[PDB]
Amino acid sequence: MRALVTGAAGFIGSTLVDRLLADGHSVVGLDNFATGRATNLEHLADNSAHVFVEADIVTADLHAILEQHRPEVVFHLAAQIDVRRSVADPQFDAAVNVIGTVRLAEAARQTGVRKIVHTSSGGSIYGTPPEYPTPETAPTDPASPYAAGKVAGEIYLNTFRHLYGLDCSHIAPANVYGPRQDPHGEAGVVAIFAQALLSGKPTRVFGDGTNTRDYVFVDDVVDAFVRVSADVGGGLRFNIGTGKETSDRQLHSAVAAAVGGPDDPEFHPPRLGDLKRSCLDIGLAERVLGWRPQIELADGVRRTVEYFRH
């Protein structure tokens, strides 16, 4: 297939590019380097089936880009990704996650694109849900601007689906980790932990350390993108995770055990916008797509730590 990946210079995005290339597709990567890193893509310099486009989804001429490359599928991973930043600047977050998505769909509907695979946020869109693990049938209840924009994004794409028959599916991961996740970001705990501990620098958890997340390995998430790019799950969201909850303190202990060295994080004040718990029901992805997570946390932590050790 002809694929286009927005946010391609990012953690998940660069990994997806790799997987799509390996499966024998041509890939157009698109990014503006807001949080992406050229270093994530530098191995592709002489890769025959990849071409990169530096563009801002909020302001670039996406029509011309899509008209030129005619991707069959757009994998849409470009977004403002930090919950806390979305709180500090809800307008910027909305501009990138809502307006960017709208412009993309509007360009896609006019350029014969078959399907947009959207990245929603399984971890956050449900807010505090009625039950854990949480199914896609649970109502959305965002409690950060980030979460709200992701929901809005789904709704808009569903709308384009009604209007024009531009197909869409919403990949909704929990907390994704693995190699290439920015260790210098303020989001991406596993990478933040791994880098700091490897270099003997201080680490922290927030509040009392009891917050849980559902940690799912990047390679697993990428396979879900691939499966859903076919003619399946039109207008549907797919929770992508493990159905297992790990505390911040438990996560720290696991990363410190892989790195060797101390397990003594500082405890800092709670962060406005951060949910206390997240656990995803992944039954729908198993039945419809045949998707199941292969990498357990202990294994994922080792792979991530060994990527940072070098």
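If you superpose the two forms and keep the largest set of C-alpha atoms that fall within 1.5 Å, you have the rigid core. Start at 1 and count along the sequence shown; that's the residue number.
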Between stretches 125-133 and 185-193, more displaced by Cα RMS in 5 other deposited structures of this protein (rigid core superposition): 185-193
If you line up the core and then measure how far each C-alpha sits from this form in 5 other deposited structures of this protein, which stretch comes out higher, 99-107 or 205-213? 205-213
On average, are the C-alpha B-factors higher in 93-101 or in 199-207? 199-207
Of 260-268 and 51-59, the stretch with the higher mean C-alpha B-factor in the deposited entry is 260-268
Per the coordinate record, which of the options 136, 186, 223, 154 holds the highest CA temperature factor? 186
If you compare 9, 297, 288, 16, which has the highest Cα B-factor in the entry? 297
Mind checking which third residue 128 falls in for C-alpha B-factor across the chain? highest
Relative to the other modelled residues in the chain, which third contains the C-alpha temperature factor of residue 214: lowest, middle or highest? lowest
Here the Cα B-factor of residue 5, set against its chain, lands in the third termed lowest
Which third of the chain does residue 194 land in by C-alpha B-factor: lowest, middle or highest? highest
Could you look up the Cα B-factor of residue 301 in the entry and say which third of the chain it sits in: lowest, middle or highest? highest
